[PDB]
Amino acid sequence: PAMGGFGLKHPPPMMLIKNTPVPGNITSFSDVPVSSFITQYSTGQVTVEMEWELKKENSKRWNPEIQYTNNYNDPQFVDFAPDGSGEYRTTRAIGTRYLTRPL
Amino acid sequence: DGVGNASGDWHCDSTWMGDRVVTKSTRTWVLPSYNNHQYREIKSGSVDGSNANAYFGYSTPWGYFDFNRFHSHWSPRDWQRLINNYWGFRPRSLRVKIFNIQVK
């Protein structure tokens, strides 16, 4: 995929969900479908647990490498954490390419 | 054993194995003949204007091996890989070996 990630022939199934409808006060027959419904909404919890496989790095590089570090100067707030109002802040886009390898 | 047969190999690596890491370092040394094979009584009086610099002792014709510095066992990249991922460490074992000697 042009946007990064893993291309899959059979990716994780789509999980759809909806609130089964409950009719309002109907009082007479009509071969026409009922259109009066009680307004409802649902809430709940969802837990998703993934397992990943990792590829250990085994380099014989001598000098030190580059790492992703929390390098800010004169921080007025902590990144990746909620601010005064309770809104989550994220000022950086952390990628994945930090370690190196001799081509 | 023999003249034309090496006494040991050069092992120099690190091997992380969970909660243990084994490091290994080989090096070439040279040993001079100090004090022409004698013992001398070395001594000093107060120097720099401080009598704390005044001592009395002995210099011997021996040399010693010192492995008491971290960068004698760790590479800069294995040190970094330690201080960025662990909360502490402590030494468990040691095993020195001298080989491939040559007197000139």
# chains A, B, ... in the order shown; residues from 1 in each chain; ligands from 1
>>> residues_around(residues="residue B:89", least_positions_apart="4", cutoff="10 Å", atoms="only C-alpha atoms", output="list in words")
residues 19, 20, 21, 82 and 83 of chain B
>>> write_last_selection(atoms="N, CA and C atoms", output="CSV table (one decimal), in the first residue's frame")
chain,number,residue,atom,x,y,z
B,19,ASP,N,18.3,-11.8,30.8
B,19,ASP,CA,18.7,-11.0,32.0
B,19,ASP,C,20.2,-11.2,32.3
B,20,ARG,N,20.9,-11.6,31.3
B,20,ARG,CA,22.3,-11.8,31.5
B,20,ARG,C,23.0,-11.3,30.2
B,21,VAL,N,24.2,-10.8,30.3
B,21,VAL,CA,24.9,-10.4,29.1
B,21,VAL,C,26.3,-10.8,29.4
B,82,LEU,N,22.3,-0.6,26.8
B,82,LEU,CA,22.1,-1.0,28.2
B,82,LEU,C,21.5,0.1,29.0
B,83,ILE,N,22.0,1.3,28.9
B,83,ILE,CA,21.5,2.4,29.6
B,83,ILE,C,20.2,2.9,29.1
>>> select_by_dssp(residues="chain B", states="helix (DSSP H, G or I)", output="number ranges by chain")
B: 34-37, 51-53, 70-72, 76-83
>>> write_last_selection(atoms="N, CA and C atoms", output="PDB file, in the first residue's frame")
ATOM      1  N   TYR B  34      60.953  -4.022  33.933  1.00  0.00           N
ATOM      2  CA  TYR B  34      61.032  -2.880  34.795  1.00  0.00           C
ATOM      3  C   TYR B  34      62.090  -3.031  35.834  1.00  0.00           C
ATOM      4  N   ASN B  35      62.762  -1.952  36.167  1.00  0.00           N
ATOM      5  CA  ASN B  35      63.736  -1.982  37.229  1.00  0.00           C
ATOM      6  C   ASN B  35      64.789  -3.040  37.037  1.00  0.00           C
ATOM      7  N   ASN B  36      65.079  -3.384  35.808  1.00  0.00           N
ATOM      8  CA  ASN B  36      66.117  -4.351  35.544  1.00  0.00           C
ATOM      9  C   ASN B  36      66.060  -5.460  36.534  1.00  0.00           C
ATOM     10  N   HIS B  37      64.905  -6.052  36.675  1.00  0.00           N
ATOM     11  CA  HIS B  37      64.763  -7.179  37.547  1.00  0.00           C
ATOM     12  C   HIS B  37      65.191  -6.901  38.956  1.00  0.00           C
ATOM     13  N   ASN B  51      53.194  18.319  52.557  1.00  0.00           N
ATOM     14  CA  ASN B  51      53.806  17.098  53.061  1.00  0.00           C
ATOM     15  C   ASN B  51      52.919  15.861  52.899  1.00  0.00           C
ATOM     16  N   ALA B  52      51.787  16.022  52.225  1.00  0.00           N
ATOM     17  CA  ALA B  52      50.889  14.898  52.000  1.00  0.00           C
ATOM     18  C   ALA B  52      51.402  14.166  50.770  1.00  0.00           C
ATOM     19  N   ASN B  53      52.289  14.836  50.035  1.00  0.00           N
ATOM     20  CA  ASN B  53      52.892  14.279  48.826  1.00  0.00           C
ATOM     21  C   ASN B  53      54.171  13.525  49.158  1.00  0.00           C
ATOM     22  N   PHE B  70      34.988   0.562  32.620  1.00  0.00           N
ATOM     23  CA  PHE B  70      33.914  -0.032  31.855  1.00  0.00           C
ATOM     24  C   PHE B  70      34.205  -0.224  30.380  1.00  0.00           C
ATOM     25  N   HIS B  71      34.852   0.749  29.767  1.00  0.00           N
ATOM     26  CA  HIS B  71      35.129   0.657  28.357  1.00  0.00           C
ATOM     27  C   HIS B  71      36.210  -0.325  28.030  1.00  0.00           C
ATOM     28  N   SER B  72      36.335  -1.368  28.825  1.00  0.00           N
ATOM     29  CA  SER B  72      37.338  -2.385  28.567  1.00  0.00           C
ATOM     30  C   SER B  72      36.529  -3.623  28.298  1.00  0.00           C
ATOM     31  N   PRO B  76      30.770   1.327  22.766  1.00  0.00           N
ATOM     32  CA  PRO B  76      29.850   2.436  22.984  1.00  0.00           C
ATOM     33  C   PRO B  76      28.413   2.091  22.590  1.00  0.00           C
ATOM     34  N   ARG B  77      28.257   1.166  21.662  1.00  0.00           N
ATOM     35  CA  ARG B  77      26.950   0.793  21.199  1.00  0.00           C
ATOM     36  C   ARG B  77      26.311  -0.267  22.052  1.00  0.00           C
ATOM     37  N   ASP B  78      27.081  -0.944  22.887  1.00  0.00           N
ATOM     38  CA  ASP B  78      26.483  -1.936  23.764  1.00  0.00           C
ATOM     39  C   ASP B  78      26.229  -1.300  25.117  1.00  0.00           C
ATOM     40  N   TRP B  79      26.910  -0.194  25.366  1.00  0.00           N
ATOM     41  CA  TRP B  79      26.718   0.529  26.586  1.00  0.00           C
ATOM     42  C   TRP B  79      25.389   1.176  26.369  1.00  0.00           C
ATOM     43  N   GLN B  80      25.274   1.958  25.305  1.00  0.00           N
ATOM     44  CA  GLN B  80      24.027   2.644  24.978  1.00  0.00           C
ATOM     45  C   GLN B  80      22.831   1.729  24.990  1.00  0.00           C
ATOM     46  N   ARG B  81      22.995   0.539  24.457  1.00  0.00           N
ATOM     47  CA  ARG B  81      21.924  -0.428  24.420  1.00  0.00           C
ATOM     48  C   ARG B  81      21.549  -0.938  25.807  1.00  0.00           C
ATOM     49  N   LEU B  82      22.345  -0.596  26.806  1.00  0.00           N
ATOM     50  CA  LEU B  82      22.121  -1.021  28.188  1.00  0.00           C
ATOM     51  C   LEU B  82      21.474   0.078  29.003  1.00  0.00           C
ATOM     52  N   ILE B  83      22.014   1.278  28.898  1.00  0.00           N
ATOM     53  CA  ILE B  83      21.497   2.397  29.645  1.00  0.00           C
ATOM     54  C   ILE B  83      20.164   2.920  29.146  1.00  0.00           C
TER      55      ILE B  83
END
>>> closest_atom_pairs(of="chain A", to="chain B", cutoff="9 Å", atoms="only C-alpha atoms", output="CSV")
residue,atom,partner,partner_atom,distance
A:60,CA,B:77,CA,8.8
A:61,CA,B:77,CA,7.0
A:62,CA,B:77,CA,5.7
A:63,CA,B:77,CA,5.5
A:64,CA,B:77,CA,4.3
A:65,CA,B:77,CA,6.8
>>> write_last_selection(atoms="N, CA and C atoms", output="JSON list (two decimals), in the first residue's frame")
[["chain", "number", "residue", "atom", "x", "y", "z"],
["A", 60, "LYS", "N", 27.05, -5.27, 14.35],
["A", 60, "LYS", "CA", 28.37, -5.18, 14.94],
["A", 60, "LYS", "C", 28.87, -3.76, 14.75],
["A", 61, "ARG", "N", 27.96, -2.79, 14.85],
["A", 61, "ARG", "CA", 28.33, -1.39, 14.73],
["A", 61, "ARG", "C", 29.06, -1.06, 16.02],
["A", 62, "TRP", "N", 30.09, -0.23, 15.94],
["A", 62, "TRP", "CA", 30.84, 0.11, 17.13],
["A", 62, "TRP", "C", 30.31, 1.36, 17.77],
["A", 63, "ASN", "N", 30.40, 2.48, 17.07],
["A", 63, "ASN", "CA", 29.93, 3.72, 17.66],
["A", 63, "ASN", "C", 28.45, 3.63, 17.99],
["A", 64, "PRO", "N", 27.91, 4.59, 18.76],
["A", 64, "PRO", "CA", 26.49, 4.56, 19.12],
["A", 64, "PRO", "C", 25.53, 4.93, 17.98],
["A", 65, "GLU", "N", 24.32, 4.40, 18.03],
["A", 65, "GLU", "CA", 23.31, 4.68, 17.02],
["A", 65, "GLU", "C", 22.44, 5.86, 17.39]]
>>> residues_around(residues="residue A:22", least_positions_apart="5", cutoff="10 Å", atoms="only C-alpha atoms", output="ChimeraX atom specification")
/A:36-40
>>> atom_distance(atom1="atom CA of residue B:16", atom2="atom CA of residue A:57")
11.2 Å
>>> residues_around(residues="residue B:25", least_positions_apart="4", cutoff="7 Å", atoms="only C-alpha atoms", output="list in words")
residues 11, 12, 13 and 73 of chain B
>>> atom_distance(atom1="atom CA of residue A:82", atom2="atom CA of residue A:45")
22.0 Å
>>> select_by_dssp(residues="chain A", states="strand (DSSP E)", output="PyMOL selection string")
chain A and resi 81-82+88-89
>>> atom_distance(atom1="atom CA of residue A:81", atom2="atom CA of residue A:44")
24.7 Å
>>> residues_around(residues="residue B:102", least_positions_apart="6", cutoff="12 Å", atoms="only C-alpha atoms", output="NGL selection string")
:B and (3-4 or 6-7 or 28-31)
>>> closest_residue(among="B:44, B:56, B:17, B:65", to="residue B:97", atoms="only C-alpha atoms")
B:65
>>> decode(residues="stretch 51-101 of chain A", atoms="N, CA and C atoms", output="PDB file, in the first residue's frame")
ATOM      1  N   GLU A  51      -1.067  -9.755  18.667  1.00  0.00           N
ATOM      2  CA  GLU A  51       0.205 -10.368  18.984  1.00  0.00           C
ATOM      3  C   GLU A  51       1.113 -10.003  17.827  1.00  0.00           C
ATOM      4  N   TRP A  52       2.343  -9.605  18.116  1.00  0.00           N
ATOM      5  CA  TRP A  52       3.268  -9.220  17.064  1.00  0.00           C
ATOM      6  C   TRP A  52       4.520 -10.017  17.145  1.00  0.00           C
ATOM      7  N   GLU A  53       5.190 -10.171  16.019  1.00  0.00           N
ATOM      8  CA  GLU A  53       6.437 -10.897  16.010  1.00  0.00           C
ATOM      9  C   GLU A  53       7.519  -9.867  15.753  1.00  0.00           C
ATOM     10  N   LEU A  54       8.647  -9.990  16.440  1.00  0.00           N
ATOM     11  CA  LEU A  54       9.729  -9.031  16.274  1.00  0.00           C
ATOM     12  C   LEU A  54      10.978  -9.671  15.700  1.00  0.00           C
ATOM     13  N   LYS A  55      11.801  -8.850  15.061  1.00  0.00           N
ATOM     14  CA  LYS A  55      13.039  -9.292  14.446  1.00  0.00           C
ATOM     15  C   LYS A  55      14.160  -8.600  15.206  1.00  0.00           C
ATOM     16  N   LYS A  56      14.891  -9.377  15.993  1.00  0.00           N
ATOM     17  CA  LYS A  56      15.970  -8.840  16.806  1.00  0.00           C
ATOM     18  C   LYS A  56      17.094  -8.235  16.000  1.00  0.00           C
ATOM     19  N   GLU A  57      17.606  -7.106  16.459  1.00  0.00           N
ATOM     20  CA  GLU A  57      18.702  -6.474  15.753  1.00  0.00           C
ATOM     21  C   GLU A  57      20.042  -7.081  16.209  1.00  0.00           C
ATOM     22  N   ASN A  58      20.881  -7.513  15.268  1.00  0.00           N
ATOM     23  CA  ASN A  58      22.195  -8.047  15.633  1.00  0.00           C
ATOM     24  C   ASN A  58      23.260  -7.385  14.765  1.00  0.00           C
ATOM     25  N   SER A  59      23.638  -6.165  15.142  1.00  0.00           N
ATOM     26  CA  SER A  59      24.632  -5.400  14.402  1.00  0.00           C
ATOM     27  C   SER A  59      25.975  -5.344  15.122  1.00  0.00           C
ATOM     28  N   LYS A  60      27.051  -5.269  14.350  1.00  0.00           N
ATOM     29  CA  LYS A  60      28.366  -5.176  14.937  1.00  0.00           C
ATOM     30  C   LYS A  60      28.875  -3.759  14.748  1.00  0.00           C
ATOM     31  N   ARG A  61      27.965  -2.794  14.850  1.00  0.00           N
ATOM     32  CA  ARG A  61      28.329  -1.393  14.732  1.00  0.00           C
ATOM     33  C   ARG A  61      29.063  -1.058  16.020  1.00  0.00           C
ATOM     34  N   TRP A  62      30.093  -0.225  15.938  1.00  0.00           N
ATOM     35  CA  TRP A  62      30.837   0.111  17.134  1.00  0.00           C
ATOM     36  C   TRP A  62      30.311   1.360  17.768  1.00  0.00           C
ATOM     37  N   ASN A  63      30.401   2.484  17.073  1.00  0.00           N
ATOM     38  CA  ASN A  63      29.931   3.721  17.656  1.00  0.00           C
ATOM     39  C   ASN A  63      28.448   3.630  17.988  1.00  0.00           C
ATOM     40  N   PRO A  64      27.908   4.594  18.758  1.00  0.00           N
ATOM     41  CA  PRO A  64      26.486   4.563  19.121  1.00  0.00           C
ATOM     42  C   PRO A  64      25.533   4.933  17.982  1.00  0.00           C
ATOM     43  N   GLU A  65      24.319   4.400  18.034  1.00  0.00           N
ATOM     44  CA  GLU A  65      23.312   4.679  17.023  1.00  0.00           C
ATOM     45  C   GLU A  65      22.438   5.863  17.390  1.00  0.00           C
ATOM     46  N   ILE A  66      21.468   6.135  16.528  1.00  0.00           N
ATOM     47  CA  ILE A  66      20.502   7.201  16.750  1.00  0.00           C
ATOM     48  C   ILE A  66      19.265   6.538  17.350  1.00  0.00           C
ATOM     49  N   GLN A  67      18.646   7.192  18.319  1.00  0.00           N
ATOM     50  CA  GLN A  67      17.471   6.626  18.940  1.00  0.00           C
ATOM     51  C   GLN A  67      16.392   7.684  18.894  1.00  0.00           C
ATOM     52  N   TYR A  68      15.159   7.270  19.099  1.00  0.00           N
ATOM     53  CA  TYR A  68      14.095   8.252  19.227  1.00  0.00           C
ATOM     54  C   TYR A  68      14.103   8.726  20.671  1.00  0.00           C
ATOM     55  N   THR A  69      14.303  10.011  20.877  1.00  0.00           N
ATOM     56  CA  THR A  69      14.404  10.494  22.243  1.00  0.00           C
ATOM     57  C   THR A  69      13.445  11.652  22.466  1.00  0.00           C
ATOM     58  N   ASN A  70      13.060  11.855  23.721  1.00  0.00           N
ATOM     59  CA  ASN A  70      12.146  12.922  24.134  1.00  0.00           C
ATOM     60  C   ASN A  70      12.897  14.264  24.215  1.00  0.00           C
ATOM     61  N   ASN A  71      13.488  14.684  23.097  1.00  0.00           N
ATOM     62  CA  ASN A  71      14.276  15.918  23.028  1.00  0.00           C
ATOM     63  C   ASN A  71      13.524  17.214  22.748  1.00  0.00           C
ATOM     64  N   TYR A  72      13.032  17.845  23.810  1.00  0.00           N
ATOM     65  CA  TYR A  72      12.309  19.112  23.700  1.00  0.00           C
ATOM     66  C   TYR A  72      13.116  20.169  24.445  1.00  0.00           C
ATOM     67  N   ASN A  73      12.901  21.435  24.109  1.00  0.00           N
ATOM     68  CA  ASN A  73      13.614  22.517  24.781  1.00  0.00           C
ATOM     69  C   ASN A  73      12.603  23.552  25.288  1.00  0.00           C
ATOM     70  N   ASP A  74      12.677  23.870  26.582  1.00  0.00           N
ATOM     71  CA  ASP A  74      11.758  24.831  27.199  1.00  0.00           C
ATOM     72  C   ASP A  74      10.319  24.317  27.044  1.00  0.00           C
ATOM     73  N   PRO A  75      10.055  23.077  27.500  1.00  0.00           N
ATOM     74  CA  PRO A  75       8.710  22.499  27.393  1.00  0.00           C
ATOM     75  C   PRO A  75       7.659  23.275  28.189  1.00  0.00           C
ATOM     76  N   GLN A  76       6.609  23.724  27.508  1.00  0.00           N
ATOM     77  CA  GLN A  76       5.531  24.457  28.164  1.00  0.00           C
ATOM     78  C   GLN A  76       4.433  23.460  28.502  1.00  0.00           C
ATOM     79  N   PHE A  77       4.608  22.237  28.014  1.00  0.00           N
ATOM     80  CA  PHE A  77       3.654  21.158  28.233  1.00  0.00           C
ATOM     81  C   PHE A  77       4.347  19.834  27.947  1.00  0.00           C
ATOM     82  N   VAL A  78       3.806  18.738  28.433  1.00  0.00           N
ATOM     83  CA  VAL A  78       4.394  17.448  28.150  1.00  0.00           C
ATOM     84  C   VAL A  78       3.744  16.830  26.953  1.00  0.00           C
ATOM     85  N   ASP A  79       4.529  16.288  26.041  1.00  0.00           N
ATOM     86  CA  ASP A  79       3.972  15.751  24.825  1.00  0.00           C
ATOM     87  C   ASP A  79       3.451  14.385  25.048  1.00  0.00           C
ATOM     88  N   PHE A  80       2.467  14.003  24.274  1.00  0.00           N
ATOM     89  CA  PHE A  80       1.850  12.728  24.450  1.00  0.00           C
ATOM     90  C   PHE A  80       1.261  12.670  25.827  1.00  0.00           C
ATOM     91  N   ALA A  81       0.502  13.686  26.193  1.00  0.00           N
ATOM     92  CA  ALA A  81      -0.166  13.716  27.472  1.00  0.00           C
ATOM     93  C   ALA A  81      -1.195  14.802  27.438  1.00  0.00           C
ATOM     94  N   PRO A  82      -2.205  14.744  28.287  1.00  0.00           N
ATOM     95  CA  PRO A  82      -3.313  15.704  28.273  1.00  0.00           C
ATOM     96  C   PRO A  82      -2.884  17.057  28.810  1.00  0.00           C
ATOM     97  N   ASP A  83      -3.431  18.127  28.253  1.00  0.00           N
ATOM     98  CA  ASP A  83      -3.075  19.462  28.702  1.00  0.00           C
ATOM     99  C   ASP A  83      -4.015  19.939  29.808  1.00  0.00           C
ATOM    100  N   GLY A  84      -3.935  21.220  30.150  1.00  0.00           N
ATOM    101  CA  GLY A  84      -4.781  21.765  31.203  1.00  0.00           C
ATOM    102  C   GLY A  84      -6.260  21.406  31.148  1.00  0.00           C
ATOM    103  N   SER A  85      -6.855  21.507  29.960  1.00  0.00           N
ATOM    104  CA  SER A  85      -8.273  21.206  29.751  1.00  0.00           C
ATOM    105  C   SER A  85      -8.608  19.707  29.757  1.00  0.00           C
ATOM    106  N   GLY A  86      -7.611  18.870  29.477  1.00  0.00           N
ATOM    107  CA  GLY A  86      -7.839  17.438  29.457  1.00  0.00           C
ATOM    108  C   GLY A  86      -7.741  16.862  28.058  1.00  0.00           C
ATOM    109  N   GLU A  87      -7.332  17.704  27.110  1.00  0.00           N
ATOM    110  CA  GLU A  87      -7.182  17.323  25.704  1.00  0.00           C
ATOM    111  C   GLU A  87      -5.790  16.767  25.429  1.00  0.00           C
ATOM    112  N   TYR A  88      -5.739  15.584  24.827  1.00  0.00           N
ATOM    113  CA  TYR A  88      -4.488  14.895  24.508  1.00  0.00           C
ATOM    114  C   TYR A  88      -3.645  15.567  23.422  1.00  0.00           C
ATOM    115  N   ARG A  89      -2.383  15.849  23.739  1.00  0.00           N
ATOM    116  CA  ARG A  89      -1.462  16.503  22.810  1.00  0.00           C
ATOM    117  C   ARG A  89      -0.462  15.531  22.190  1.00  0.00           C
ATOM    118  N   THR A  90      -0.117  15.772  20.927  1.00  0.00           N
ATOM    119  CA  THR A  90       0.850  14.954  20.189  1.00  0.00           C
ATOM    120  C   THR A  90       1.484  15.830  19.110  1.00  0.00           C
ATOM    121  N   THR A  91       2.641  16.403  19.423  1.00  0.00           N
ATOM    122  CA  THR A  91       3.346  17.295  18.508  1.00  0.00           C
ATOM    123  C   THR A  91       4.336  16.617  17.559  1.00  0.00           C
ATOM    124  N   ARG A  92       4.525  15.311  17.702  1.00  0.00           N
ATOM    125  CA  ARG A  92       5.467  14.625  16.827  1.00  0.00           C
ATOM    126  C   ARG A  92       4.913  13.414  16.088  1.00  0.00           C
ATOM    127  N   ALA A  93       5.462  13.105  14.936  1.00  0.00           N
ATOM    128  CA  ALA A  93       5.045  11.902  14.254  1.00  0.00           C
ATOM    129  C   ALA A  93       6.177  10.945  14.332  1.00  0.00           C
ATOM    130  N   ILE A  94       6.048   9.910  15.125  1.00  0.00           N
ATOM    131  CA  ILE A  94       7.157   9.028  15.312  1.00  0.00           C
ATOM    132  C   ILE A  94       7.129   7.952  14.279  1.00  0.00           C
ATOM    133  N   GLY A  95       8.214   7.802  13.549  1.00  0.00           N
ATOM    134  CA  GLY A  95       8.286   6.815  12.505  1.00  0.00           C
ATOM    135  C   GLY A  95       8.896   5.545  12.985  1.00  0.00           C
ATOM    136  N   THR A  96       9.672   4.881  12.156  1.00  0.00           N
ATOM    137  CA  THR A  96      10.195   3.601  12.553  1.00  0.00           C
ATOM    138  C   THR A  96      11.630   3.397  12.166  1.00  0.00           C
ATOM    139  N   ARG A  97      12.157   4.218  11.290  1.00  0.00           N
ATOM    140  CA  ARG A  97      13.518   3.968  10.820  1.00  0.00           C
ATOM    141  C   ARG A  97      14.592   4.716  11.608  1.00  0.00           C
ATOM    142  N   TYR A  98      15.144   4.082  12.643  1.00  0.00           N
ATOM    143  CA  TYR A  98      16.180   4.725  13.461  1.00  0.00           C
ATOM    144  C   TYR A  98      17.488   3.958  13.464  1.00  0.00           C
ATOM    145  N   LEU A  99      17.385   2.640  13.573  1.00  0.00           N
ATOM    146  CA  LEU A  99      18.554   1.782  13.563  1.00  0.00           C
ATOM    147  C   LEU A  99      19.106   1.751  12.153  1.00  0.00           C
ATOM    148  N   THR A 100      20.328   1.255  11.988  1.00  0.00           N
ATOM    149  CA  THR A 100      20.934   1.197  10.661  1.00  0.00           C
ATOM    150  C   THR A 100      21.406  -0.202  10.302  1.00  0.00           C
ATOM    151  N   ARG A 101      21.759  -0.380   9.034  1.00  0.00           N
ATOM    152  CA  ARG A 101      22.244  -1.653   8.529  1.00  0.00           C
ATOM    153  C   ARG A 101      23.129  -1.444   7.317  1.00  0.00           C
TER     154      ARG A 101
END
